[PDB]
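As provided, upload.pdb (PDB, C-alpha atoms and all ligand atoms) reads as follows.
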```
ATOM      1  CA  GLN A 491     128.555 141.341  14.451
ATOM      2  CA  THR A 492     131.603 139.000  14.074
ATOM      3  CA  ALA A 493     132.490 136.276  16.568
ATOM      4  CA  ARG A 494     134.727 133.243  17.203
ATOM      5  CA  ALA A 495     133.586 129.837  18.548
ATOM      6  CA  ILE A 496     135.339 129.357  21.965
ATOM      7  CA  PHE A 497     133.994 125.741  22.315
ATOM      8  CA  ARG A 498     133.027 122.911  19.920
ATOM      9  CA  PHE A 499     129.214 122.739  19.323
ATOM     10  CA  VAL A 500     127.581 119.599  17.801
ATOM     11  CA  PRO A 501     123.912 120.196  16.844
ATOM     12  CA  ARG A 502     121.153 118.031  18.384
ATOM     13  CA  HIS A 503     118.498 119.971  16.331
ATOM     14  CA  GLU A 504     118.315 120.442  12.504
ATOM     15  CA  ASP A 505     118.076 124.323  12.772
ATOM     16  CA  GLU A 506     121.473 124.367  14.626
ATOM     17  CA  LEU A 507     124.975 125.332  13.402
ATOM     18  CA  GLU A 508     128.024 123.023  13.911
ATOM     19  CA  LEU A 509     130.998 124.972  15.467
ATOM     20  CA  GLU A 510     134.711 124.036  15.791
ATOM     21  CA  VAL A 511     136.940 125.997  18.225
ATOM     22  CA  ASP A 512     138.016 129.305  16.550
ATOM     23  CA  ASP A 513     135.481 129.175  13.640
ATOM     24  CA  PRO A 514     134.872 132.776  12.439
ATOM     25  CA  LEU A 515     131.121 133.542  12.477
ATOM     26  CA  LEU A 516     128.812 136.332  11.328
ATOM     27  CA  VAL A 517     126.285 136.555  14.164
ATOM     28  CA  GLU A 518     122.993 138.216  15.290
ATOM     29  CA  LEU A 519     122.180 137.784  19.034
ATOM     30  CA  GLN A 520     118.499 136.765  19.552
ATOM     31  CA  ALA A 521     117.763 138.803  22.716
ATOM     32  CA  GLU A 522     114.587 136.794  23.700
ATOM     33  CA  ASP A 523     116.659 133.616  24.553
ATOM     34  CA  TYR A 524     120.419 134.514  24.047
ATOM     35  CA  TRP A 525     120.866 132.199  21.036
ATOM     36  CA  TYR A 526     122.906 133.408  18.035
ATOM     37  CA  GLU A 527     121.611 133.239  14.470
ATOM     38  CA  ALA A 528     124.973 132.654  12.688
ATOM     39  CA  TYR A 529     126.859 132.007   9.411
ATOM     40  CA  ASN A 530     129.951 129.711   9.812
ATOM     41  CA  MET A 531     132.522 131.285   7.408
ATOM     42  CA  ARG A 532     134.652 128.100   7.400
ATOM     43  CA  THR A 533     131.783 125.621   6.568
ATOM     44  CA  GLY A 534     129.317 127.948   4.720
ATOM     45  CA  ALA A 535     126.576 126.527   7.073
ATOM     46  CA  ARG A 536     123.810 128.789   8.595
ATOM     47  CA  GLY A 537     121.866 128.027  11.824
ATOM     48  CA  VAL A 538     121.405 128.866  15.521
ATOM     49  CA  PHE A 539     123.563 128.050  18.553
ATOM     50  CA  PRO A 540     123.521 129.022  22.240
ATOM     51  CA  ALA A 541     125.439 132.335  22.640
ATOM     52  CA  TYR A 542     127.933 131.243  25.402
ATOM     53  CA  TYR A 543     129.728 128.948  22.786
ATOM     54  CA  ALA A 544     131.182 132.117  21.084
ATOM     55  CA  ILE A 545     132.557 135.649  21.914
ATOM     56  CA  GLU A 546     132.085 138.871  19.862
ATOM     57  CA  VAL A 547     135.311 140.227  18.184
ATOM     58  CA  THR A 548     136.334 143.930  17.619
TER      59      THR A 548
ATOM     60  CA  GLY B 487     131.412 104.768  30.126
ATOM     61  CA  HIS B 488     130.098 108.296  30.978
ATOM     62  CA  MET B 489     128.349 107.564  34.325
ATOM     63  CA  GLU B 490     125.648 109.835  35.867
ATOM     64  CA  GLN B 491     127.045 112.873  37.664
ATOM     65  CA  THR B 492     125.941 115.885  39.784
ATOM     66  CA  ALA B 493     126.398 119.332  38.193
ATOM     67  CA  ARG B 494     125.537 123.049  38.434
ATOM     68  CA  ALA B 495     124.386 125.380  35.650
ATOM     69  CA  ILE B 496     127.123 128.041  35.130
ATOM     70  CA  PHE B 497     124.968 129.935  32.528
ATOM     71  CA  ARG B 498     121.251 130.652  32.072
ATOM     72  CA  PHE B 499     119.829 128.376  29.306
ATOM     73  CA  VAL B 500     116.468 129.218  27.649
ATOM     74  CA  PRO B 501     115.170 126.348  25.435
ATOM     75  CA  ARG B 502     114.395 126.878  21.752
ATOM     76  CA  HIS B 503     113.316 123.177  21.497
ATOM     77  CA  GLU B 504     110.619 121.137  23.347
ATOM     78  CA  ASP B 505     113.127 118.343  24.426
ATOM     79  CA  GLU B 506     115.380 120.998  26.140
ATOM     80  CA  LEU B 507     115.831 121.744  29.897
ATOM     81  CA  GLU B 508     115.616 125.357  31.184
ATOM     82  CA  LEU B 509     118.635 126.255  33.418
ATOM     83  CA  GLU B 510     119.123 129.150  35.885
ATOM     84  CA  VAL B 511     122.679 129.913  37.135
ATOM     85  CA  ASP B 512     123.597 127.498  39.986
ATOM     86  CA  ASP B 513     120.728 125.021  39.350
ATOM     87  CA  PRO B 514     121.697 121.608  40.805
ATOM     88  CA  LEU B 515     121.407 118.966  38.022
ATOM     89  CA  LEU B 516     121.640 115.168  37.685
ATOM     90  CA  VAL B 517     123.370 114.699  34.339
ATOM     91  CA  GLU B 518     124.440 111.963  31.826
ATOM     92  CA  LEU B 519     126.806 113.132  29.017
ATOM     93  CA  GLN B 520     125.627 112.045  25.503
ATOM     94  CA  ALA B 521     128.986 111.311  23.792
ATOM     95  CA  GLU B 522     127.688 111.654  20.145
ATOM     96  CA  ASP B 523     127.181 115.488  20.542
ATOM     97  CA  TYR B 524     128.299 116.509  24.133
ATOM     98  CA  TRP B 525     124.753 117.403  25.228
ATOM     99  CA  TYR B 526     123.668 116.379  28.757
ATOM    100  CA  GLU B 527     120.473 114.400  29.377
ATOM    101  CA  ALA B 528     119.523 116.005  32.704
ATOM    102  CA  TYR B 529     117.117 116.335  35.649
ATOM    103  CA  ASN B 530     116.938 119.895  37.128
ATOM    104  CA  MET B 531     116.776 119.246  40.937
ATOM    105  CA  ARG B 532     115.310 122.757  41.559
ATOM    106  CA  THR B 533     112.463 122.653  38.929
ATOM    107  CA  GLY B 534     111.866 118.844  38.666
ATOM    108  CA  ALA B 535     112.152 119.242  34.827
ATOM    109  CA  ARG B 536     113.739 116.650  32.460
ATOM    110  CA  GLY B 537     115.467 117.460  29.126
ATOM    111  CA  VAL B 538     118.745 118.081  27.275
ATOM    112  CA  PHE B 539     121.169 121.025  27.313
ATOM    113  CA  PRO B 540     124.603 121.680  25.763
ATOM    114  CA  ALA B 541     127.473 120.575  28.067
ATOM    115  CA  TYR B 542     129.351 123.958  28.152
ATOM    116  CA  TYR B 543     126.420 125.473  30.245
ATOM    117  CA  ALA B 544     127.146 123.266  33.326
ATOM    118  CA  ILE B 545     130.111 121.974  35.433
ATOM    119  CA  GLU B 546     130.338 118.482  37.062
ATOM    120  CA  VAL B 547     130.467 118.684  40.921
ATOM    121  CA  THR B 548     131.228 114.892  41.380
TER     122      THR B 548
HETATM  123  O1  LIG A 601     120.526  98.335  37.587
HETATM  124  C1  LIG A 601     120.435  99.353  36.572
HETATM  125  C2  LIG A 601     121.835  99.834  36.212
HETATM  126  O2  LIG A 601     122.345 100.575  37.349
HETATM  127  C3  LIG A 601     123.604 101.240  37.114
HETATM  128  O3  LIG A 601     123.321 102.300  36.169
HETATM  129  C4  LIG A 601     122.823 103.504  36.761
HETATM  130  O4  LIG A 601     123.762 103.987  37.740
HETATM  131  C5  LIG A 601     125.097 104.240  37.241
HETATM  132  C6  LIG A 601     126.078 104.544  38.401
HETATM  133  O5  LIG A 601     125.668 105.736  39.070
HETATM  134  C7  LIG A 601     125.031 105.341  36.148
HETATM  135  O6  LIG A 601     126.316 105.523  35.523
HETATM  136  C8  LIG A 601     123.963 105.062  35.091
HETATM  137  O7  LIG A 601     123.754 106.307  34.418
HETATM  138  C9  LIG A 601     122.625 104.511  35.644
HETATM  139  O8  LIG A 601     121.903 103.787  34.631
HETATM  140  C10 LIG A 601     124.714 100.277  36.629
HETATM  141  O9  LIG A 601     125.894 100.999  36.180
HETATM  142  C11 LIG A 601     124.198  99.347  35.506
HETATM  143  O10 LIG A 601     125.155  98.325  35.199
HETATM  144  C12 LIG A 601     122.836  98.713  35.859
HETATM  145  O11 LIG A 601     122.409  97.899  34.761
END
```
In structure tokens, write the structure found in this file.
Amino acid sequence: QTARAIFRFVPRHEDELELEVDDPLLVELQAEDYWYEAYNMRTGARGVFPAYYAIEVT
Amino acid sequence: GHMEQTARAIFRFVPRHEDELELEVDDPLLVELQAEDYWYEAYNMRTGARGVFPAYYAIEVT
């Protein structure tokens, strides 16, 4: 699934992904807690973030 | 200065990390914005829990 960061996200935890507004992401929703596992296509970084910081694109 | 403020959870937040604060929608919170990453240090006034959450998941009410 592809998505776009709708808000800036600065990690507090090492497993997290830094997001800038409008970063294109490849994304798997983790249904147990509504975090995304993500790849930031701008930065090449991989990590998790809380799902409400991005929206799915089609 | 980012002074303490009253807030409400606008989204459900389930921790992945031990230092995090569980939110339910419309939880009243006492909140101090941490400027280095825009996480809130927070007290959940419903649950009595202490912890951090990302700022987008609540709205200031003061
Ligand atoms: O006497 C302790 C400090 O009290 C104030 O700080 C608290 O209250 C503030 C106003 O609501 C908050 O912004 C802050 O988060 C609290 O620590 C005061 O501002 C400080 O100068 C005092 O040292």
request  = Tell me, in Å to one decimal, how far atom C3 of ligand LIG 601 (chain A) is from CA of residue 521 in chain B.
outcome  = 17.5 Å
request  = For ligand LIG 601 (chain A), collect every residue having any atom at a distance of at most 10 Å from a ligand atom (counting all atoms listed in the file); output as a list in words.
outcome  =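 My answer, listing the contacting residues, is residues 487, 488, 489, 490, 491, 516, 517, 518 and 519 of chain B.
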Those selected residues, please, written with C-alpha atoms and delivered as a PDB file, in the frame of the given file.
```pdb
ATOM      1  CA  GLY B 487     131.412 104.768  30.126  1.00  0.00           C
ATOM      2  CA  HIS B 488     130.098 108.296  30.978  1.00  0.00           C
ATOM      3  CA  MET B 489     128.349 107.564  34.325  1.00  0.00           C
ATOM      4  CA  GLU B 490     125.648 109.835  35.867  1.00  0.00           C
ATOM      5  CA  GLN B 491     127.045 112.873  37.664  1.00  0.00           C
ATOM      6  CA  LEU B 516     121.640 115.168  37.685  1.00  0.00           C
ATOM      7  CA  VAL B 517     123.370 114.699  34.339  1.00  0.00           C
ATOM      8  CA  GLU B 518     124.440 111.963  31.826  1.00  0.00           C
ATOM      9  CA  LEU B 519     126.806 113.132  29.017  1.00  0.00           C
TER      10      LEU B 519
END
```
request  = Return as number ranges by chain the residues belonging to chain A that are within 12 Å of chain B, counting all atoms listed in the file.
outcome  = A: 496-506, 508-509, 520-526, 538-544
key: Interatomic distance, CA of residue 533 in chain A to CA of residue 520 in chain B (Å, one decimal)   =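 Spanning CA of residue 533 in chain A to CA of residue 520 in chain B is a straight-line distance of 24.1 Å.
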request  = Have a look at CA of residue 547 in chain A and CA of residue 519 in chain A and let me know their distance in Å, one decimal.
outcome  =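 Taking CA of residue 547 in chain A as the start and CA of residue 519 in chain A as the end point, the length is 13.4 Å.
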request  = For residue 492 in chain A, list every protein, DNA or RNA residue within 7 Å, evaluated using all atoms listed in the file, and leave out those in the same chain fewer than 5 positions away; present the list as a PyMOL selection string.
outcome  = chain A and resi 515-517+546-547
query = Which is closest to residue 508 in chain B among B:526, B:546, B:493, B:536, if we use all atoms listed in the file?
reply =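 Looking only at the distances to residue 508 in chain B, the closest residue turns out to be B:536.
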